[PDB]
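A.B. asks: Before we start, here is the structure in question, set down as structure tokens.
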Amino acid sequence: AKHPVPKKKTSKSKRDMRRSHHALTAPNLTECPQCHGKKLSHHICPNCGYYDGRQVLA
Amino acid sequence: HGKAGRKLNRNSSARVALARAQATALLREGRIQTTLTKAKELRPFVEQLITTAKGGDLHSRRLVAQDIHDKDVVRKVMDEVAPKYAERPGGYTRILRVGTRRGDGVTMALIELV
Amino acid sequence: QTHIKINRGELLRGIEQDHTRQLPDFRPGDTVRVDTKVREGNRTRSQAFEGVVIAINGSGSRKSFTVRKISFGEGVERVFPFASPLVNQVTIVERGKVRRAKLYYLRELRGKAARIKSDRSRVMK
Amino acid sequence: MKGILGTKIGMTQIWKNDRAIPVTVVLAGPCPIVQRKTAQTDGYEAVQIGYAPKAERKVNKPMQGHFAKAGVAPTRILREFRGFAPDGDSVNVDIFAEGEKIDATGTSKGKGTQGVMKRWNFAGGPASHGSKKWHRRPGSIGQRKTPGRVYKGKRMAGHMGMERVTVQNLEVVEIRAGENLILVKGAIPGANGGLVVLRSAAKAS
Amino acid sequence: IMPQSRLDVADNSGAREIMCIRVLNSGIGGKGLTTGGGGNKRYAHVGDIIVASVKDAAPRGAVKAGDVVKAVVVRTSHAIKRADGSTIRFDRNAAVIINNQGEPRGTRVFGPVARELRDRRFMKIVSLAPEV
RNA sequence: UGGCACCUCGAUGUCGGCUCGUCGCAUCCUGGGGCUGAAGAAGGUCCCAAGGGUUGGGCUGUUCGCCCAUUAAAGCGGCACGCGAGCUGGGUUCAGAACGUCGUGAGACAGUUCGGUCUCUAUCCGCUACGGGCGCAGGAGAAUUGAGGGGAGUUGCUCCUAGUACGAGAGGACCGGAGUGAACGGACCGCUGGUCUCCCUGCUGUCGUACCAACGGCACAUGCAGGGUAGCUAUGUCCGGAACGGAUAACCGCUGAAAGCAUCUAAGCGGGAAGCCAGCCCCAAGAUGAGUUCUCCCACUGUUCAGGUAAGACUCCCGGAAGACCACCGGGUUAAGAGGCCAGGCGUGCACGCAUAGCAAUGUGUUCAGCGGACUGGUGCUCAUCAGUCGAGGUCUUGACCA
RNA sequence: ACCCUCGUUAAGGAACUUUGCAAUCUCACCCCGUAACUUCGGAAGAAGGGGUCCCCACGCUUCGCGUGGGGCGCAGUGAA
RNA sequence: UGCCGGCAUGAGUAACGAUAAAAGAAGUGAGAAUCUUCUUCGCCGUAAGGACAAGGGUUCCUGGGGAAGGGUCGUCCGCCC
């Protein structure tokens, strides 16, 4: 049992305009509460370990 | 589709048989580490049950006893868990991240005190 | 869109009871020798009093109340959850210390007529 | 050519000497705020504006739209159409009596690209044997090789319909004491806490 | 309503076994015989006509054996509620013998009947109606 | 039903059945019209365009077909007599056997009969969707009027001037009227129900607590009997095609020409139901045929080169009856957003201790509450210190216009 | 979405369809109870009726049932 | 529409294998979720036990290292010495 084989292909031309509707979101937004610079999307260090107060640990 | 909240991924018999050999590592230890959802729907259990732990009865020690198969679950809930915070309704241990698994993405906190 | 930061539910529970004015009866007490009875319709009026000779049982939830938990026997069964909220019906009756089965609805039984189904529910089999 | 306001919540309500059906809706009065003329901005118009928020830390651009001879905080906007009316609030208890055949409208329901079996409600095609087809599919929907552009029909999966349903005729219940209530009888659209523009009798005589 | 359909005591003519299957109507209460009427539905109402399957028979007094004839019905068990925040319904109902033309042979109904058959152009319905 | 054998045998598999069906009209049932050897009731043939729509049983593989009742009536020619990139083979048409005559026998028959695998990782054109962006020229949150792309229509039945015009007698209208129904658009939870895979009670068997009232692991991921909220959808309930203007076909005129009479003289105009403009909604002035408004940043200088200074989009923390992701929403503390705790229903319906009849299985009492997955909420506690990304001031020309 | 797998229904129980394969339903032990046909040994271990757990005057009782007053639940070999 | 050798694309999707539950403390170190010392869970246990029969011949160990394999990989192998 085989469903219509490949035949025609899609090398160049196409397979180009396919790294843009996704790619990677591109970031570099924030740089930590106070010291140094990590932070993530709303999330404390591991440096000083804090958004503004006591947490995590060096 | 549905919504509201409160679901279940891990087994359907894992709702009265899971933290009973998972979150049980909290009576004598407390170094609990289990999902970024479990814990969030685990509060409705830990800090939850305590009103019948304020003192000591018997029925207040049933599915308070046999619900977390152990000893400290009763031999400490009375005079060391409930009273440990018998002044503030809900809200105590600071569950959060810890450093993920490195590979996939699942953090699991720690739970502690003082 | 109807969600922000305001609690408007005194229509859903206020204006709701802005029209009520009744302390029903609220007796689920089964097997009574006489009870309430609808005002009927039919002619101009001729507001008669012989709807159905109920046993009285049930409760419900807000303006709905599946009242009837009665039916009969000449017509096999036949329940018809009537509206507890109405201003066109006789103002009930209540009697019977009642050996209470389950109260509220049942659905089961309701065919196990035979004879020993007077005002009790326990059985040995 | 009057009121417009937030859906949210329904129930069954007393009628004469019974219970019937019923539906309900909540409201307030966003107030006009803007009023121009007929010179650009086209016909008559108006712009609804206001409900229940804290637009302070919202943005610093919409806060200026909010400016005429009124205050407090606004949430949504929208408009109505041509017509004449005072400069007050939204409510079915304005100047036009009680007992009107208003015609609501609703958005959607929280779904997400599903089958035509739903877009047509009938997915006939007995398949109690073989299971190559789980009955969910219409099937056929095709012919030979004489062209074929799938037409523009085919209600296949996609994105459903936050679009306007315009319910038309839907009787009113009762007007009671309170800062405006308003209710109706007959489902009423808009998923739970909707909004609804609410519109005057359109039926064609 | 519905083709076959199992029930209980019928017109009390004879037997405790009856039938029905086909539906007929025209919105009258006893006109006669014409070409058509209505019944594009999938069931019935209550005080309808319904070409019911004869199946059985009665002893021997004015009713035949194999018989065959456009029988009728009584009540149903589908849709409609009593308006009074309640309902009125069975899960069986009966039949009663009612002339093809529409001349309710109503000998002596026994057991409870219907109250909703008082807008269904009752006429010979509700008279000897036992329980109501 | 075919005459042709033109490419299709590097191979396009009968027919029919469910469903999707969407086209055409010559119109299968409405509509307004020609006539009717038609009094009415109801038809008999024809004119015009699609606005809609057209059953269930019996057999078959059935196209077809007739038999039963319905249906306003049950169409005709579409589509390789629609289609397995659906299934089905069910007939029969693949190899087995039997019958009927036959060939001497092996064997022959769109002659009859019994069973008799059935495809296949969808790049895609294209279609139902949501996003990455680019965009009519400063950058932006959002509110807007629009071509137009689609959705967008069927019908029996009571009562009334109706027991009338008509009919010598049975019976019964051109107009519409409130009224009962169907497959058929949605909606909505609060009349009806299920669904609930963990909240309880009921029971056999096995174990862990030594052991017992008392409970848990296994019996589909609740074992078995039942119950269940937030949600979903049908049998749940309401609404669905009806005013009306331009202008039709069938038809009816005002003056009646040219052949001095007349006919709707196409020379002036009206009455004409359904399509078409419109009237209900999405989309959408990026329809490149760039439409309007509320709203935020800037009076400086250095890598035809050139800065120290942003508010709106956003990583996001806890969440949404919103969902793959995601366009829309709620708090980031000037703090009530999910969870715990708490007033209350909720369902297992009267938990546990203890005393007793006493062989005692069990029962009474204190408890219609003990027990309660997302419930109107409350508590700002389990969480919220903070930290970042477009770091910028209207292109050419001519006009209404400003001192 | 859909998809294989499982369970529970208001309204009719095969009208579905080539025909209840499938699906799903359903068939305890003891006692009494039991056909047209029939080579009578059968067709039926048919259909159908009561119970089977518990305190007890009581057996071959180191294990069943049993004339009885009665106990729990809507239902008792009750799950398989 | 050849044949082998290599690059291919179907495309990063379908899929990791019978859907017969698992959490964690701690050893280690290169970080550890699937190793190791271990309390809790559950599936089979007329079995998916142990011995004899055929087979593979190097399985078992004192253990050791990722080039590669065990269709993730891994500080586990019965890989390799």
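Ordering of the structure tokens sets the chain letters (A, B, ...), residue numbers begin anew at 1 in every chain, and ligands are numbered from 1 in the order given.
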Show me, as a list in words, the residues of chain B whose atoms get within 12 Å of chain D, using only C-alpha atoms for the distance check.
C.D. replies: residues 1, 2 and 3 of chain B
A.B. asks: Just need the residues of chain F within 12 Å of chain C, counting only C-alpha atoms (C1' of nucleotides), so spit them out as a ChimeraX atom specification.
C.D. replies: /F:190-192,225-227,320,328-331,336-337,345-346,349,368,376-377
A.B. asks: Kindly indicate which residue among F:237, F:229, F:128, F:201 lies nearest to residue 113 in chain D, using only C-alpha atoms (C1' of nucleotides) for the distances.
C.D. replies: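 Closest to residue 113 in chain D of all the choices is F:128.
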A.B. asks: Give as a list in words every residue of chain B that touches chain H within 7 Å, counting only C-alpha atoms (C1' of nucleotides).
C.D. replies: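 Every residue meeting the condition is included here: residues 11, 21, 22 and 25 of chain B.
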A.B. asks: Quick check: residues of chain B within 10 Å of chain F, only C-alpha atoms (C1' of nucleotides), returned as a ChimeraX atom specification.
C.D. replies: /B:1-7,11-17,39-51,57-63,65-67,69,88-96
A.B. asks: With only C-alpha atoms (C1' of nucleotides) considered, list every residue of chain D at most 7 Å from chain F, as a PyMOL selection string.
C.D. replies: chain D and resi 10-12+21+41-42+59-65+77-78+110+113+123-127+130+132-133+138-143+149-150+154-159+163-166+169+186-189+204-205
A.B. asks: Output the contact residues of chain F with respect to chain E at a cut-off of 8 Å, based on only C-alpha atoms (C1' of nucleotides), as a PyMOL selection string.
C.D. replies: chain F and resi 55+69-71+156-158+180-182+191+235
A.B. asks: Dump N, CA, C and O atoms (P, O5', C5', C4', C3', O3' and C1' of nucleotides) for the selected residues as a PDB file, in the first residue's frame?
C.D. replies:
ATOM      1  P     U F  55     -37.788  13.667  -0.754  1.00  0.00           P
ATOM      2  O5'   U F  55     -37.932  12.770   0.551  1.00  0.00           O
ATOM      3  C5'   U F  55     -37.375  13.199   1.786  1.00  0.00           C
ATOM      4  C4'   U F  55     -38.081  12.526   2.939  1.00  0.00           C
ATOM      5  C3'   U F  55     -37.942  11.028   3.077  1.00  0.00           C
ATOM      6  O3'   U F  55     -36.699  10.701   3.673  1.00  0.00           O
ATOM      7  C1'   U F  55     -40.193  11.637   3.439  1.00  0.00           C
ATOM      8  P     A F  69     -52.253   2.732  -0.006  1.00  0.00           P
ATOM      9  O5'   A F  69     -51.946   3.870   1.061  1.00  0.00           O
ATOM     10  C5'   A F  69     -52.322   3.709   2.426  1.00  0.00           C
ATOM     11  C4'   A F  69     -51.496   4.605   3.310  1.00  0.00           C
ATOM     12  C3'   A F  69     -51.514   6.089   3.002  1.00  0.00           C
ATOM     13  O3'   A F  69     -52.664   6.709   3.556  1.00  0.00           O
ATOM     14  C1'   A F  69     -49.291   5.402   3.424  1.00  0.00           C
ATOM     15  P     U F  70     -52.995   8.231   3.166  1.00  0.00           P
ATOM     16  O5'   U F  70     -51.850   9.046   3.913  1.00  0.00           O
ATOM     17  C5'   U F  70     -51.378  10.292   3.414  1.00  0.00           C
ATOM     18  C4'   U F  70     -49.989  10.565   3.937  1.00  0.00           C
ATOM     19  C3'   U F  70     -49.385  11.886   3.479  1.00  0.00           C
ATOM     20  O3'   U F  70     -49.775  12.970   4.312  1.00  0.00           O
ATOM     21  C1'   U F  70     -47.816  10.129   3.176  1.00  0.00           C
ATOM     22  P     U F  71     -50.472  14.262   3.659  1.00  0.00           P
ATOM     23  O5'   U F  71     -49.244  15.140   3.152  1.00  0.00           O
ATOM     24  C5'   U F  71     -48.041  15.208   3.913  1.00  0.00           C
ATOM     25  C4'   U F  71     -46.853  15.392   2.998  1.00  0.00           C
ATOM     26  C3'   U F  71     -47.056  16.444   1.926  1.00  0.00           C
ATOM     27  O3'   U F  71     -46.714  17.742   2.403  1.00  0.00           O
ATOM     28  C1'   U F  71     -46.192  14.459   0.952  1.00  0.00           C
ATOM     29  P     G F 156     -49.859  26.005   1.944  1.00  0.00           P
ATOM     30  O5'   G F 156     -50.333  24.661   2.655  1.00  0.00           O
ATOM     31  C5'   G F 156     -50.976  23.638   1.906  1.00  0.00           C
ATOM     32  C4'   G F 156     -51.432  22.531   2.821  1.00  0.00           C
ATOM     33  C3'   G F 156     -52.588  22.858   3.753  1.00  0.00           C
ATOM     34  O3'   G F 156     -53.829  22.637   3.084  1.00  0.00           O
ATOM     35  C1'   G F 156     -50.852  21.792   4.971  1.00  0.00           C
ATOM     36  P     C F 157     -55.160  23.367   3.615  1.00  0.00           P
ATOM     37  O5'   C F 157     -55.104  23.170   5.195  1.00  0.00           O
ATOM     38  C5'   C F 157     -55.786  22.089   5.818  1.00  0.00           C
ATOM     39  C4'   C F 157     -55.804  22.269   7.322  1.00  0.00           C
ATOM     40  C3'   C F 157     -56.550  23.473   7.849  1.00  0.00           C
ATOM     41  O3'   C F 157     -57.928  23.153   7.980  1.00  0.00           O
ATOM     42  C1'   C F 157     -54.450  23.296   8.935  1.00  0.00           C
ATOM     43  P     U F 158     -59.018  24.334   7.966  1.00  0.00           P
ATOM     44  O5'   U F 158     -59.170  24.734   9.499  1.00  0.00           O
ATOM     45  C5'   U F 158     -59.739  23.822  10.433  1.00  0.00           C
ATOM     46  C4'   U F 158     -60.038  24.517  11.741  1.00  0.00           C
ATOM     47  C3'   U F 158     -61.022  25.667  11.687  1.00  0.00           C
ATOM     48  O3'   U F 158     -62.347  25.172  11.770  1.00  0.00           O
ATOM     49  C1'   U F 158     -59.136  26.273  13.000  1.00  0.00           C
ATOM     50  P     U F 180     -50.267  28.751  18.191  1.00  0.00           P
ATOM     51  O5'   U F 180     -50.389  27.298  17.554  1.00  0.00           O
ATOM     52  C5'   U F 180     -50.679  26.172  18.376  1.00  0.00           C
ATOM     53  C4'   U F 180     -50.579  24.889  17.583  1.00  0.00           C
ATOM     54  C3'   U F 180     -49.226  24.642  16.945  1.00  0.00           C
ATOM     55  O3'   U F 180     -48.331  24.012  17.851  1.00  0.00           O
ATOM     56  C1'   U F 180     -50.935  24.280  15.345  1.00  0.00           C
ATOM     57  P     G F 181     -46.743  24.192  17.653  1.00  0.00           P
ATOM     58  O5'   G F 181     -46.432  23.346  16.340  1.00  0.00           O
ATOM     59  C5'   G F 181     -46.571  21.930  16.359  1.00  0.00           C
ATOM     60  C4'   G F 181     -46.147  21.327  15.042  1.00  0.00           C
ATOM     61  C3'   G F 181     -44.753  21.623  14.519  1.00  0.00           C
ATOM     62  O3'   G F 181     -43.774  20.845  15.187  1.00  0.00           O
ATOM     63  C1'   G F 181     -46.304  21.604  12.722  1.00  0.00           C
ATOM     64  P     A F 182     -42.225  21.262  15.063  1.00  0.00           P
ATOM     65  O5'   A F 182     -41.758  20.550  13.716  1.00  0.00           O
ATOM     66  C5'   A F 182     -41.898  19.146  13.570  1.00  0.00           C
ATOM     67  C4'   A F 182     -41.541  18.718  12.165  1.00  0.00           C
ATOM     68  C3'   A F 182     -40.153  19.140  11.715  1.00  0.00           C
ATOM     69  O3'   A F 182     -39.135  18.250  12.157  1.00  0.00           O
ATOM     70  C1'   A F 182     -41.736  19.594  10.011  1.00  0.00           C
ATOM     71  P     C F 191     -32.892  25.221  34.007  1.00  0.00           P
ATOM     72  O5'   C F 191     -34.470  25.326  34.156  1.00  0.00           O
ATOM     73  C5'   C F 191     -35.118  24.909  35.354  1.00  0.00           C
ATOM     74  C4'   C F 191     -36.457  24.291  35.035  1.00  0.00           C
ATOM     75  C3'   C F 191     -36.379  22.978  34.279  1.00  0.00           C
ATOM     76  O3'   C F 191     -36.260  21.902  35.200  1.00  0.00           O
ATOM     77  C1'   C F 191     -37.928  24.434  33.217  1.00  0.00           C
ATOM     78  P     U F 235     -33.767  18.634  18.481  1.00  0.00           P
ATOM     79  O5'   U F 235     -34.454  17.747  19.616  1.00  0.00           O
ATOM     80  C5'   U F 235     -35.756  17.196  19.434  1.00  0.00           C
ATOM     81  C4'   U F 235     -36.339  16.773  20.766  1.00  0.00           C
ATOM     82  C3'   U F 235     -36.267  17.776  21.919  1.00  0.00           C
ATOM     83  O3'   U F 235     -37.397  18.642  21.920  1.00  0.00           O
ATOM     84  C1'   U F 235     -35.727  15.563  22.658  1.00  0.00           C
TER      85        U F 235
END
A.B. asks: Using only C-alpha atoms, determine which residues of chain D fall within 12 Å of chain E; present them as a ChimeraX atom specification.
C.D. replies: /D:12-21
A.B. asks: Output N, CA, C and O atoms of each residue in that selection to a file, as a compact mmCIF listing (two decimals), in the first residue's frame.
C.D. replies:
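Now in selection19.txt:
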# COMPACT_ATOMS: atom_id res chain seq x y z
N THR D 12 -34.36 32.29 34.75
CA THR D 12 -35.78 32.14 34.41
C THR D 12 -36.58 33.04 35.34
O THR D 12 -36.28 33.13 36.53
N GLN D 13 -37.60 33.71 34.80
CA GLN D 13 -38.40 34.61 35.62
C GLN D 13 -39.92 34.58 35.47
O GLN D 13 -40.45 34.38 34.38
N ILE D 14 -40.59 34.81 36.59
CA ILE D 14 -42.04 34.85 36.70
C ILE D 14 -42.74 35.68 35.62
O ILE D 14 -42.26 36.75 35.23
N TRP D 15 -43.87 35.18 35.13
CA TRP D 15 -44.65 35.88 34.11
C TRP D 15 -46.14 35.64 34.35
O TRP D 15 -46.64 34.53 34.14
N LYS D 16 -46.82 36.69 34.78
CA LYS D 16 -48.26 36.65 35.08
C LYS D 16 -48.57 35.75 36.27
O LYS D 16 -48.72 36.22 37.39
N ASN D 17 -48.68 34.45 36.00
CA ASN D 17 -48.96 33.44 37.02
C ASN D 17 -48.39 32.13 36.48
O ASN D 17 -49.13 31.21 36.12
N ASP D 18 -47.07 32.07 36.44
CA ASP D 18 -46.34 30.90 35.97
C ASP D 18 -44.85 31.15 36.19
O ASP D 18 -44.45 31.74 37.19
N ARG D 19 -44.04 30.70 35.24
CA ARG D 19 -42.59 30.86 35.32
C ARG D 19 -41.94 31.16 33.97
O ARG D 19 -40.99 31.93 33.88
N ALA D 20 -42.46 30.54 32.92
CA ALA D 20 -41.94 30.72 31.57
C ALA D 20 -40.44 30.44 31.49
O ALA D 20 -39.90 29.57 32.17
N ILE D 21 -39.80 31.21 30.62
CA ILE D 21 -38.37 31.21 30.29
C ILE D 21 -37.29 32.17 30.82
O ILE D 21 -36.46 31.78 31.66
A.B. asks: If we count only C-alpha atoms (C1' of nucleotides), what is near range 4-16 of chain G at a cut-off of 6 Å, once residues fewer than 6 positions away on the same chain are taken out, given as a list in words?
C.D. replies: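 Here the answer would be residues 2, 3, 5 and 78 of chain E; 194 of chain F.
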A.B. asks: Quick one, how far is CA of residue 41 in chain A from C1' of residue 318 in chain F?
C.D. replies: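 Between these atoms lies a distance of 13.4 Å.
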A.B. asks: With a cut-off of 9 Å, could you pull out the residues of chain B touching chain A and give me the nearest pair of atoms for each, distance in Å to one decimal, using only C-alpha atoms, ordered by chain and ascending number, as JSON lines?
C.D. replies:
{"residue": "B:97", "atom": "CA", "partner": "A:56", "partner_atom": "CA", "distance": 8.7}
{"residue": "B:98", "atom": "CA", "partner": "A:56", "partner_atom": "CA", "distance": 7.5}
{"residue": "B:99", "atom": "CA", "partner": "A:46", "partner_atom": "CA", "distance": 8.7}
A.B. asks: Out of C:39, C:78, C:68, C:100, which residue has the shortest atom-to-atom distance to residue 76 in chain E when counting only C-alpha atoms?
C.D. replies: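 Among the listed residues, C:78 lies closest to residue 76 in chain E.
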A.B. asks: For residue 76 in chain H, work out the shell of residues within 12 Å, counting only C-alpha atoms (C1' of nucleotides) and skipping chain neighbours fewer than 2 positions away, then give it as a VMD selection string.
C.D. replies: chain H and resid 34 to 36 70 74 78 to 79
A.B. asks: Hey, can you check how far CA of residue 198 in chain D sits from CA of residue 90 in chain D?
C.D. replies: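 That distance, rounded to one decimal, is 10.6 Å.
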A.B. asks: Using only C-alpha atoms (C1' of nucleotides), I'd like every residue of chain G that has an atom within 10 Å of chain C; please write them out as a list in words.
C.D. replies: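 Listing them in order of chain and number gives residues 71, 72, 73, 74, 75 and 76 of chain G.
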A.B. asks: Identify which of the residues A:58, A:15, A:52, A:9 lies closest to chain F, counting only C-alpha atoms (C1' of nucleotides) when measuring atom-to-atom distances.
C.D. replies: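 Smallest distance to chain F is found for A:52.
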A.B. asks: Excluding same-chain residues fewer than 5 positions from residue 76 in chain B, what lies within 12 Å of it counting only C-alpha atoms (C1' of nucleotides), as an MDAnalysis selection string?
C.D. replies: chainID B and resid 26:28 50 53:56 61 64:65 70:71 81:84
A.B. asks: Would you mind exporting the chosen residues as a PDB file, in the first residue's frame, restricted to N, CA, C and O atoms?
C.D. replies:
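This went into result.pdb:
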ATOM      1  N   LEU B  26       7.901  15.414  53.173  1.00  0.00           N
ATOM      2  CA  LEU B  26       7.761  16.743  53.756  1.00  0.00           C
ATOM      3  C   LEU B  26       7.582  16.707  55.272  1.00  0.00           C
ATOM      4  O   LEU B  26       7.868  17.688  55.960  1.00  0.00           O
ATOM      5  N   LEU B  27       7.109  15.579  55.788  1.00  0.00           N
ATOM      6  CA  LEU B  27       6.895  15.424  57.225  1.00  0.00           C
ATOM      7  C   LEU B  27       8.247  15.499  57.927  1.00  0.00           C
ATOM      8  O   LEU B  27       8.501  16.399  58.730  1.00  0.00           O
ATOM      9  N   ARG B  28       9.120  14.548  57.603  1.00  0.00           N
ATOM     10  CA  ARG B  28      10.450  14.476  58.197  1.00  0.00           C
ATOM     11  C   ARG B  28      11.517  15.200  57.376  1.00  0.00           C
ATOM     12  O   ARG B  28      12.642  15.382  57.848  1.00  0.00           O
ATOM     13  N   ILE B  50      -5.992  21.983  58.239  1.00  0.00           N
ATOM     14  CA  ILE B  50      -5.309  22.491  59.420  1.00  0.00           C
ATOM     15  C   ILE B  50      -6.313  22.872  60.508  1.00  0.00           C
ATOM     16  O   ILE B  50      -5.990  22.848  61.696  1.00  0.00           O
ATOM     17  N   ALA B  53      -6.672  20.443  62.809  1.00  0.00           N
ATOM     18  CA  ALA B  53      -5.319  20.117  63.236  1.00  0.00           C
ATOM     19  C   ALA B  53      -4.915  21.098  64.330  1.00  0.00           C
ATOM     20  O   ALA B  53      -3.909  20.907  65.015  1.00  0.00           O
ATOM     21  N   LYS B  54      -5.717  22.147  64.481  1.00  0.00           N
ATOM     22  CA  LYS B  54      -5.469  23.182  65.481  1.00  0.00           C
ATOM     23  C   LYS B  54      -5.268  22.542  66.852  1.00  0.00           C
ATOM     24  O   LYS B  54      -4.404  22.961  67.624  1.00  0.00           O
ATOM     25  N   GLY B  55      -6.060  21.513  67.147  1.00  0.00           N
ATOM     26  CA  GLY B  55      -5.954  20.860  68.440  1.00  0.00           C
ATOM     27  C   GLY B  55      -5.702  19.363  68.432  1.00  0.00           C
ATOM     28  O   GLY B  55      -4.545  18.935  68.447  1.00  0.00           O
ATOM     29  N   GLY B  56      -6.761  18.566  68.399  1.00  0.00           N
ATOM     30  CA  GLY B  56      -6.584  17.122  68.413  1.00  0.00           C
ATOM     31  C   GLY B  56      -7.894  16.476  68.820  1.00  0.00           C
ATOM     32  O   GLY B  56      -8.417  16.740  69.905  1.00  0.00           O
ATOM     33  N   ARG B  61      -8.473  13.305  62.795  1.00  0.00           N
ATOM     34  CA  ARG B  61      -7.291  12.514  62.482  1.00  0.00           C
ATOM     35  C   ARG B  61      -7.753  11.213  61.848  1.00  0.00           C
ATOM     36  O   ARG B  61      -7.624  10.138  62.435  1.00  0.00           O
ATOM     37  N   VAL B  64      -6.609  12.473  57.603  1.00  0.00           N
ATOM     38  CA  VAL B  64      -5.636  13.462  58.020  1.00  0.00           C
ATOM     39  C   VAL B  64      -4.516  12.512  58.408  1.00  0.00           C
ATOM     40  O   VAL B  64      -3.348  12.881  58.420  1.00  0.00           O
ATOM     41  N   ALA B  65      -4.919  11.302  58.782  1.00  0.00           N
ATOM     42  CA  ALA B  65      -4.052  10.226  59.245  1.00  0.00           C
ATOM     43  C   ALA B  65      -3.830   9.477  57.942  1.00  0.00           C
ATOM     44  O   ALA B  65      -2.873   9.721  57.207  1.00  0.00           O
ATOM     45  N   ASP B  70       1.711   7.731  57.104  1.00  0.00           N
ATOM     46  CA  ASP B  70       2.928   7.970  57.868  1.00  0.00           C
ATOM     47  C   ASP B  70       2.620   8.109  59.352  1.00  0.00           C
ATOM     48  O   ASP B  70       1.582   7.650  59.834  1.00  0.00           O
ATOM     49  N   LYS B  71       3.543   8.742  60.069  1.00  0.00           N
ATOM     50  CA  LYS B  71       3.408   8.954  61.507  1.00  0.00           C
ATOM     51  C   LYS B  71       3.429  10.446  61.830  1.00  0.00           C
ATOM     52  O   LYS B  71       2.568  10.950  62.549  1.00  0.00           O
ATOM     53  N   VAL B  81       2.551  21.441  63.150  1.00  0.00           N
ATOM     54  CA  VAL B  81       2.249  21.849  61.785  1.00  0.00           C
ATOM     55  C   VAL B  81       1.167  22.917  61.861  1.00  0.00           C
ATOM     56  O   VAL B  81       1.375  24.063  61.466  1.00  0.00           O
ATOM     57  N   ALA B  82       0.010  22.522  62.387  1.00  0.00           N
ATOM     58  CA  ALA B  82      -1.121  23.422  62.540  1.00  0.00           C
ATOM     59  C   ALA B  82      -0.732  24.643  63.371  1.00  0.00           C
ATOM     60  O   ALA B  82      -0.971  25.780  62.963  1.00  0.00           O
ATOM     61  N   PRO B  83      -0.127  24.424  64.554  1.00  0.00           N
ATOM     62  CA  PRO B  83       0.271  25.554  65.398  1.00  0.00           C
ATOM     63  C   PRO B  83       1.457  26.326  64.823  1.00  0.00           C
ATOM     64  O   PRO B  83       1.701  27.472  65.191  1.00  0.00           O
ATOM     65  N   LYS B  84       2.195  25.682  63.923  1.00  0.00           N
ATOM     66  CA  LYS B  84       3.349  26.312  63.293  1.00  0.00           C
ATOM     67  C   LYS B  84       2.891  27.587  62.594  1.00  0.00           C
ATOM     68  O   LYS B  84       3.668  28.521  62.402  1.00  0.00           O
TER      69      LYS B  84
END
A.B. asks: Compile the residues of chain D that lie within 8 Å of chain G, evaluated using only C-alpha atoms (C1' of nucleotides), and express the compilation as an NGL selection string.
C.D. replies: :D and (113-115 or 129 or 134 or 136 or 157)
A.B. asks: Write out as a ChimeraX atom specification the residues lying within 10 Å of range 64-67 of chain G, counting only C-alpha atoms (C1' of nucleotides) and excluding same-chain residues fewer than 4 positions away.
C.D. replies: /G:30,52,58-59
